[PDB]
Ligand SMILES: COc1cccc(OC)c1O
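A single chain comes next, written as structure tokens; it is the form solved without 2,6-dimethoxyphenol (3DM).
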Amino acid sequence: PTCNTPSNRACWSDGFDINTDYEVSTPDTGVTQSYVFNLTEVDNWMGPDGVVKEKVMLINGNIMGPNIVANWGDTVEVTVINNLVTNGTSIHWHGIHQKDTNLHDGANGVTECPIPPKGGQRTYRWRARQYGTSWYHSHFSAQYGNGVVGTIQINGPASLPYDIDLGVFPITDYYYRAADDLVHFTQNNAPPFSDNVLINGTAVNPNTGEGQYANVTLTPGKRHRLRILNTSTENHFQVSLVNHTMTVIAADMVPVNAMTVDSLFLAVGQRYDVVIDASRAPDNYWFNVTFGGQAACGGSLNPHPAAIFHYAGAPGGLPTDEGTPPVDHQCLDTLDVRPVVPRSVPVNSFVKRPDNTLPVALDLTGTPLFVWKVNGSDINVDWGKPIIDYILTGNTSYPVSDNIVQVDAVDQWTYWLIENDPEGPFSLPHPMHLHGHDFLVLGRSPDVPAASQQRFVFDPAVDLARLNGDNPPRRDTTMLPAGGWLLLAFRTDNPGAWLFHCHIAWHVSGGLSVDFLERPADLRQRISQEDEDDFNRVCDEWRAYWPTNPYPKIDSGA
């Protein structure tokens, strides 16, 4: 943080700027930012909107956990003490690649066993090889829907000059019913609408009027950086600010070229760092959270979830301009974003084959009704025996339920075609997410309305020309369009077991996931004795605790 000034945000330190390939070069700071998480179960907790919730799971007694702040090249260490009654836990660091530190990913039944309750602990330590905005959450089923969530801000350079960094701005769905009850509900029923949408942890109740709108004070004439996150379990958001444009400087944790838009689509898990110029008249302006796609990717019972953007020195109160409804994004993220640091892949060479195809299908023949299958199999990870235990014991007999897609290719690009139930009854859009990598969104089926139920299968005769291998969007989460397909690509530079799943909590609970066992033969040697011992320590403590649990495992575990 030497040469980083408001006028020159492109610079950071010697050898490190916005054009430096962050996936291969990282600043040697030697600084460690430590945090302690205390997961406690609170019954009959008073919510931000005046409504009392039956049960919540909280980190350090707050709605969200600590705002993790570190610099590019720092090491983030977190001790997670589980003081919940029955539930196990883990903390997944979404957007953190976890380069050669696979066992710190937090994916239950994959990279670790769940940390046992009644005082169980584990200390996560990872290097911040990427700068930007990210988030953390539990990976114990849909436990993060109870409140085990928070934000990660790794400071670094930018693709546009700005004066003030307003920090994190998480927008999430809010349900009065607990996550485990909602997983049981969605197994046999269609997903419900949210009761409210929280902006920076606050929202107003549409029935009573209680609570408060989020208040962001803008300094007149200054460029402000705002880090918008979607920490939701199901809801996909469309965000807009009345009489203002937002300039995207980053998509997820990948800095992109300046892209000025009127509105932004945020899928579950997606982040967007924007530059907002306080260029308009001194007044209060509404920041609106709308829903497009015709309820194909969510909705809220709060008809107008909003936040207030207040200009400093201007009068207070509620904004008078209700605004103009934004463009219907049709449950799709923009593929116009072009990364600052480029990547190139041959797209003409692609051929649709079974070992590169991941068909997402909805099975309505079994018990329960909503069972999501990827390649004819719904994922069901083993909390007692993770995929890493198999790696450490030289065991290759992975169960069909673990959905292991073994990628043996070394440091090469791998192409993946994900099909969204073309022959099925109906289709829903899916926020596809990959652990341990930022993928290249090469292409998707034609942008059509989400509830249209229009189908598209990959036809090389029209679609090979629709792909872009010259600096395509690089991110950790993107939309799988309803009724169609999606083409992705990631370079195998990080040996480990990585989940690739839909980020809608109900869908991943239903089974929408695969496990990319990347370079298994290379993985075993890269695991330190410290990580192995600790992996085995937590698994032993969990295997001892499980027979005393009064509740069963109703879902996938992921």
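Throughout, we count residues from 1 along the sequence that is shown.
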message = So, looking at the entry's B-factor column for Cα atoms, which has the higher mean, 534-542 or 20-28?
response = 20-28
query = In the PDB record, does 319-327 or 82-90 carry the higher mean Cα temperature factor?
reply = 319-327
Out of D333, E112, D195, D411, highest CA B-factor residue = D411
ask   = Which listed residue, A451, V168, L264, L480, has the largest C-alpha temperature factor in the record?
value = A451
query = Taking the entry's C-alpha B-factors for this chain, is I68 in the lowest, middle or highest third?
reply = middle
key: Relative C-alpha B-factor of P495, binned into the chain's lowest, middle or highest third   = middle
task = Would you mind ranking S34 by its C-alpha B-factor against the rest of the chain and naming the third, lowest, middle or highest?
result = highest
key: Among modelled residues of the same chain, the CA temperature factor third for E41   = middle
task = Consider only the C-alpha atoms of the modelled residues in this chain, order them by B-factor as the entry records it, and name the third containing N200: lowest, middle or highest.
result = middle
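Another form, the form solved in complex with 2,6-dimethoxyphenol (3DM), is not on view; read the next lines as being about it.
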Stretch in contact in the bound PDB entry with 2,6-dimethoxyphenol (3DM), which is absent here, among 341-349, 266-274, 288-296, 437-445 (heavy atoms within 4.5 Å) = 288-296
task = Tell me, yes or no, whether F458 is in contact with 2,6-dimethoxyphenol (3DM) in the bound PDB entry, where a contact means a heavy atom of each within 4.5 Å.
result = no
Contact of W413 with 2,6-dimethoxyphenol (3DM) in the bound PDB entry (heavy atom, 4.5 Å) = no
task = Answer with yes or no whether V381 is in contact with 2,6-dimethoxyphenol (3DM) in the bound PDB entry, where contact means some heavy atom within 4.5 Å.
result = no
message = Does any part of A190 reach within 4.5 Å of 2,6-dimethoxyphenol (3DM) in the bound PDB entry? Heavy atoms only, please.
response = yes
Sole residue of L229, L428, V76, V256 within 4.5 Å of 2,6-dimethoxyphenol (3DM) in the bound PDB entry, by heavy atom = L428
remark   = From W135, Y174, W372, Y144: within 4.5 Å of 2,6-dimethoxyphenol (3DM) in the bound PDB entry by heavy atoms is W372
key: Heavy atom within 4.5 Å of 2,6-dimethoxyphenol (3DM) in the bound PDB entry - qualifying residues of 525-550   = none
